[PDB]
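Each remark here refers to the structure printed beneath this line.
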Amino acid sequence: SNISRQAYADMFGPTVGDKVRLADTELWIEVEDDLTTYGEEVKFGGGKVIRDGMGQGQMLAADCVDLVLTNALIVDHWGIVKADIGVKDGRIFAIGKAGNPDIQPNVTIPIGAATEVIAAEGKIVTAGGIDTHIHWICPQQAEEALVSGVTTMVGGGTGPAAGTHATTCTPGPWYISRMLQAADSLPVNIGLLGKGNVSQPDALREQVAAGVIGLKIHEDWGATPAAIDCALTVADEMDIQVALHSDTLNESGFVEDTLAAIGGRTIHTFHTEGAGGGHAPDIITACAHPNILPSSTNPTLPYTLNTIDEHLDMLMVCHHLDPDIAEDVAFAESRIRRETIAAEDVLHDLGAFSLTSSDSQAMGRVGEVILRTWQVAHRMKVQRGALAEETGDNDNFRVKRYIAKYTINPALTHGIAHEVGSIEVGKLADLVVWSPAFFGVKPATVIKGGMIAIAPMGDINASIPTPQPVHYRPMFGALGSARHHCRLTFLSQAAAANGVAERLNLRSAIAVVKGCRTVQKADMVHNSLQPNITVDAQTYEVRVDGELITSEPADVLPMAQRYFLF
Amino acid sequence: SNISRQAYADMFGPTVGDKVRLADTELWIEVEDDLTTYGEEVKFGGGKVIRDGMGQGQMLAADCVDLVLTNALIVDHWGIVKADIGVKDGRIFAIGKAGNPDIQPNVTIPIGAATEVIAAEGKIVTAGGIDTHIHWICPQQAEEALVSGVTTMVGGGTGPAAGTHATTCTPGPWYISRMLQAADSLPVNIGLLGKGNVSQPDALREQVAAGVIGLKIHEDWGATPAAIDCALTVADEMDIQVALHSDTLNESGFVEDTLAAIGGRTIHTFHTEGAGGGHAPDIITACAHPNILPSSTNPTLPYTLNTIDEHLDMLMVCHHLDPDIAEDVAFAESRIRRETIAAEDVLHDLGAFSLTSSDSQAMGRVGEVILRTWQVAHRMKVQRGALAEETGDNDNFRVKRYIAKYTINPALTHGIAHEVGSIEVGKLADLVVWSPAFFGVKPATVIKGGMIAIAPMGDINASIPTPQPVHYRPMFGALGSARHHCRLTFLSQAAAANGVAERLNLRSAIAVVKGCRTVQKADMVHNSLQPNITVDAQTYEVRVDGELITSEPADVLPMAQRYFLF
Amino acid sequence: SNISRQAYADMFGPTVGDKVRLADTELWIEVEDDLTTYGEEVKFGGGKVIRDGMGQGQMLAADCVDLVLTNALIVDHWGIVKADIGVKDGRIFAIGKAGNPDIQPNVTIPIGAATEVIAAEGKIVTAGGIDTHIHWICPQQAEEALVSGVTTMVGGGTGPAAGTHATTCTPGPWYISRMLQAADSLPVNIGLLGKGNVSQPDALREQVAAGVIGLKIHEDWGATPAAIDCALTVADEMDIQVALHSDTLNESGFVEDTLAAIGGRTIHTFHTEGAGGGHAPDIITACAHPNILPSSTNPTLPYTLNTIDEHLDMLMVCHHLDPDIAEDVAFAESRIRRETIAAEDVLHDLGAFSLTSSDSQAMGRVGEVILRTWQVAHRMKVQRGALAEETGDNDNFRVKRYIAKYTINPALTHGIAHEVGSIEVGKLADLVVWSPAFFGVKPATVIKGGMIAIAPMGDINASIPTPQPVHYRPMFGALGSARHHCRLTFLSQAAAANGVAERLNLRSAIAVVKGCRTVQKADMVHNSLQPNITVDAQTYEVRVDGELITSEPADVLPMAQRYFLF
Amino acid sequence: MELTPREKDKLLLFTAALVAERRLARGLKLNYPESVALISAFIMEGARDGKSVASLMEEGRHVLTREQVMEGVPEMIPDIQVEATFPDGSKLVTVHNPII
Amino acid sequence: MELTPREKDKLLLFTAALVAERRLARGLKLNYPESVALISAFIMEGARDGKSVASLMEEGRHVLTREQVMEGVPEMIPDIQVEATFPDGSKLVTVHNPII
Amino acid sequence: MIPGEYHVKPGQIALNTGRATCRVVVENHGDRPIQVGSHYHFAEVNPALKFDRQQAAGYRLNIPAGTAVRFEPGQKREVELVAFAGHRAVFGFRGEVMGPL
């Protein structure tokens, strides 16, 4: 028959041309496409469409999906569209029109007896986030991260030990083996990084052979030209990534020397702004290179009024520096620069910085990678208006550029984009469901490998699942063997070949990393800019093509006091 | 020598003829028999009876029990007697007189070096409850249920997804397989139900072959004559149970049509009253049939002053109904009828309704199945006096009729009565120990397969286990491999034959279901009545043999504000 | 160059001759030796020593340690020295000078790419404690104990059942098997004790063959001469320990009769003072024998102002005694004697009592074994001054005597000293790190088998791991398979030979007990005194060589109200 | 005490409400979680007191007003639901559009 | 803070007592769990204050009376036991028949 | 109304009915107290208790199960015994019989 658009959005969620405000920010998205056939939408409930002979077919399991997300508004690097999502075997089967081919038109995602449903109408669906800068200081970090919408965590450590407090390194075959075993207990995808600070190659090769998917070079372990070069050489041989935190002291040379050691080979630079580490004060000039995949940690995103005051002591504790010792504090201080902290936000908006990450409990907040990414997007829309790429009266492109930063880009950079990183067919079903009012803040559902792993849950003894108190509680996706089956432990090709999974008796699904040496700045989705950037040796002013790059500190941000109890 | 009865009850608990008040209700039980030999009771402690050469023998493990429950007052469908309980190999070995044959008379339960003891004198002991209407919305439900005294949970779901929120179905082989794996992590016996709403038989057979012990037919998935018939046909072939939640909309027909589809084959009807679902407004007429095994969910047990007000919104949220949409609310409203809600309580007392269950977080409370069962028994004693079957000045028969409702009857109905359901030799040692003052409210000990799984525990650092704060904490019976060994995963005969346990690598003990097609109303212990019941199409008046069936709403109930902090 | 001692202690911790106050007690320790080479100490952090080519070498994993504890102040039975600790393969590799042989002198503990570091400068490091008097009443006890610094727990039980509430016995092969399986879930080393109260040897042999490392003889099970003798005979055959809690009632004889049954064979006497159990009122005379290894439970350590008032009811609840029953209370009362309670503290100081233990939730506090040991040491220094063995102005010897009580002595007594018990090369890396201000109270790090298992951890979402609220949280060492690999399940030689670990499918590392029959009082490190002690039958006065042994009750103790929130 | 999981869970609701209670007392405009906790705890005490479900469904709309909470909060809370032990067992209270 | 499990556990006792404390203040007759929590928390503060075990074993019987609690409650509580850190370490306080 | 209250019918219970009993004067000659349990084989009690051990062979105290009789040092008192049943085989205690009798 006929239905007004307003009542339509109330039942099935918004359609083409309708706009939705992301949480309490100023960012607005507009539905670019709807893959449905008006009047044939599938809906679940008493008297609804998904019922035997109607919206549900007579097909065997092999011919229908296991789970279907009905009427979802997908937000990914490739589009912002309304469609049904079909999941089969823990992986994304299709993105289109669900239903029964027997009585409905254009059904591409068949629903049957074996089909479970998650009603996503009125909800925004995204891929699970990926944080490539984790310090395994405590197992508790995985839950915090999972609750915020991050489904994959890459980094390193052995627990609350000095080494890990400061660096993302899982030292040696023994510790590597141990952490790979402990990883099966975590409800997130994991890949470890070894300590790459060594001049003898065989000491690195064992670590890669033992299981790590990358090597972290940290100045605390000595980020010298010789060490850097050794790691990159092993990296090129074994197809693994190198994450760098350069020499802040300029002890062995300046940024141009470190850059010379790098020799144009692929590398992922941590906290490329430098407040978190790197040559003082122009490690930020790195983002101008084709072999550099630059990321930011989160305490500096975005530039607010309390950022600077908070930074000095945070720095002292993380790297084990003595506040009484003069040189320990001069160092600590040369790292914090209002100029670069301001420039960073703009550089993200321009697409010069391709990744965002936490740097968990080591000058970073594990449950705030997503939240802060959107706070920067909001602050940049507010300060600079629309991007040159935008079209229509919406912020769709800015959203695609920013979402790519904690999803697809981190995945390409670490050679795991073939398994996760976005909502595309064949990839693991790591999805996050959000109510628009809480987008990027608190999720409605967190799905790991096709199984809900964590979600908000009210009174366990109540008559419905909505009564208070409602707080995040672990679900079946996070229980024993169901978890193993729904999570991935990323191994290096050498390790997967050596039978490390069999020897350690790891129980979770195994994925292997590849394509770490081939990625370049050009491959970073929507974030491939290489600007002629400069930094003044004394004033620390950041300049691109001469024009000054800077921004003003926010005093109040969205996704803050309106959502948190503390 | 000689001892007064009062001091006798103080040491060894009550004996024949003594009465005990069940919690703070008006129900009284009277000891019908004592299997001891006065003066030869076994008791544990310094200077007591259970000591080498005295109450404890010189026999090898194979010739003595592993655990003995001394001086217990058993309350089961077959009797209310005082005796010692002997447990061997996780199963009930004997019910009689424990001790040392060397120096004591009539010892049938030998105690030795290998014997552990639980002092049950002054305590009532019951079998663990069985809830056949679980929605696996969250893993947290198992603990809540275990704490209340329910040791077996049957139902279905994949977690907090729409399908499971409304229906007890575990959709398809993948989800079934996944839930069977996750079940090993739960400290309760489990059996799953698949989605039985399909007209093609092979789609059901796979689900049964994949592991489910039953098929749930829910109107939200389409409870049509064709679907119903298909499920029952597969059920008859594979020896599994069908749980039904009929067509409330009368969309495909009335109760007499659904009943015609059923064709006289065995079936378990959910919330047979109808407030929770079923043909409006006379799905209750079903309890008059020989092939119908009727159960109630708990929010309506018993009829109190707030029951009706609370029901409207509870209904809206569970089935995903839109309060703005007229037809969604007319439906919601036709389901709630004061008349049937009142009749239900009487029908339970008469033995017309044989089962009680939760319907966890979907118009039911997982930790209140037992509690509410006794609240109905109390309210019926108060309103109608003694039953025609009673003898003596006690409520023994009413108690046996009511206890059977969440123990043996649910077990026979689902074909697992051969493993659990009551305190009889050979059955799994799923027992619950209660202080009489907290009967049906908060247990003293919950034993799973011969191992204490959960119990009240005070300060972990205290000098004794009684200091505050005392709250339920998991015990060894619920830890890792000890749990696997003490719990059962119920499979279908097809699945057990196909090696599903081996393929999924399930670790817990396995039981198989059988005798689901042969049970009838006549087999329901103490609850086998088939009344000539009628319901008025407009007034909704329930009548049995013409006489009006009704009851008054309680304003205050026992087992409520005197025991709970909130 | 040159550095003042004060600034030296601030960076690298104290050196030779420097003294440190243990917590808020009056005990002072003095560094007896420093194994470093001034100016070549290894330190971690930005710009520090442990960096590629500097404090870190180019050696392969096989040629360097996995973890290094830098600049630790070791406190063990053999010394109080400053040194670096090297750990490899979960075991103590070396105690000396860490660094890079390439550029540093006297390096004995090589550091490389595979080396993780824990900065222990300014920290006291000790071996993990061992409690041999555990009642497995609840699984929660393992965490409480681990948090306090106890890494090994020996004892018995099946959970909150009468038998276990009173006795440390794991009754029979079934329960033994079950507890061995459940033990894999606990983050501590475990060994079980069976019920040794039986006159038929084969009933004991099965228990030892089933897995127990010892047999507990408890009066509640009947501690008769016949039973005692039977257990010791099996013990001598199978190389396992016998822990005794004698006949308080003097029912079968007096202390001299029990002692006659013992026949000079090796035995470990529980709560040798007697308030916790044993012949009334002179079971304390046992410590004068060469075959007796005497220990104390903790509620009586040390003698304070509230000790006596608190004891009567504690006694009643534990052993299931009836306060109304006269004989049950006369008994309860004859057990509590101010005289023996006072003498006990002195006897510990003199080295007549060699062990301290909890007696968890059965007249003992699981998280206070260490804490109370030091409270006695403090109270004895305060009341009696320096020991005859002391040298210099410190309490070093008194500390070595007292530390040995919950570390090496418990380990020798139970035949596990070959695996744990102290910081010596080859032993399992069960270590505890403490800030001097919290010594014996709350640990900085608890390391199990080379992996941090539990530690204080602040805000999980904070930028550093130090922000509030800081409380103990489980670490990777306590997760799944990492835990299995880092913990030991102690078996009896018969059980290890019979393949009990394979049959039960236990996953943790396995250790076997040996040398339980050969230990004597002479072997107890620093606690090998055998005094001519007497007890007056009526006045209960304890006398050694005639001189009266006694002490005054403390009204305020250190390590109390200054550290606990409750 | 023998506190079951559901009793211990509600202790979290109660404590959260204490947080909101003080802030409101300082004169601050409450946020989302504070508002839900505060109105919720009120209802639970209502049941303890013995008030009826029907009464609380009404009283629950007068705990806070649009002027005492942060912008956007009232629309972030279309309803509030809590369960508590009434003199006649556990009951579900649903307050629609509690803040106006 | 470095809170151990036993410290965090007592935080539950304290919070439960806050619940009972308010209800008693409203003039309600306390139930089983409220009564135990309330008398228990009192004893813990007693130790913090430095009072002796013997004194608290006596004071604990004057927190509530048969007239301030629900029917049957006094007989549901034959004794109350709590442990707290006294100036001289942890001690067990046992109050027999606390409510009369 | 009292939650879980017992309603015990008044009267007495006769213990160990039908079995042989016998009285014996016992005197504690020890300097420390001795307390005997209800099922301990009396003939094998603490050697400090002086009495006709021959008459108490195969006997235990005729007291309610679980209770006990105490003897202070120097105490003299007459007790009632009851014969062991079942197999009348004694194992344990002081190891004097260890078989039938």
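What's counted below: heavy atoms across the whole structure, side chains too, no hydrogens, waters or symmetry copies. We name chains A, B, ... by the order of the sequence lines, and we start the count at 1 in each one.
Chain E forms more heavy-atom pairs under 4.5 Å with one residue of B:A437, B:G458, B:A462 than with any other, namely B:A462.
Between atom CE of residue E:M76 and atom OG of residue B:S435 there is a gap of 8.5 Å, rounded to the nearest 0.5 Å. Atom OG1 in B:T466 sits 7.5 Å away from atom CG in E:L92 (nearest 0.5 Å). Rounded to the nearest 0.5 angstrom, E:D9 CG and B:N461 CG are separated by 10.0 Å. Taking CD of E:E34 as the start and CD of B:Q561 as the end, the distance is 8.5 Å to the nearest 0.5 Å. Atom-to-atom distance recorded for B:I464:CD1 and E:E83:CD is 7.0 Å, nearest 0.5 angstrom.
For E:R22, the CZ atom is loosely surrounded, since the number of other residues' heavy atoms within 6.0 Å does not exceed 12. Summarising the local packing, CG of E:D79 is surrounded by more than 12 heavy atoms from other residues, nucleotides or ligands at distances under 6.0 Å.
With a threshold of 4.5 angstrom between heavy atoms, B:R473 approaches chain E through side-chain atoms but not through N, CA, C or O. Both the backbone and the side chain of E:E71 come within contact range of chain B, judged by heavy atoms closer than 4.5 Å. Heavy atoms closer than 4.5 Å to chain E are found in the backbone of B:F564, but not in its side chain.
No option in E:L12, E:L13, E:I39 other than E:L13 meets the side chain to side chain contact (heavy atoms under 4.5 Å, CB included) test with B:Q468. B:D459 pairs with exactly one of E:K10, E:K8, E:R6 by the salt bridge (charged side-chain N to carboxylate O under 4.0 Å, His left out) rule, that one being E:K10.
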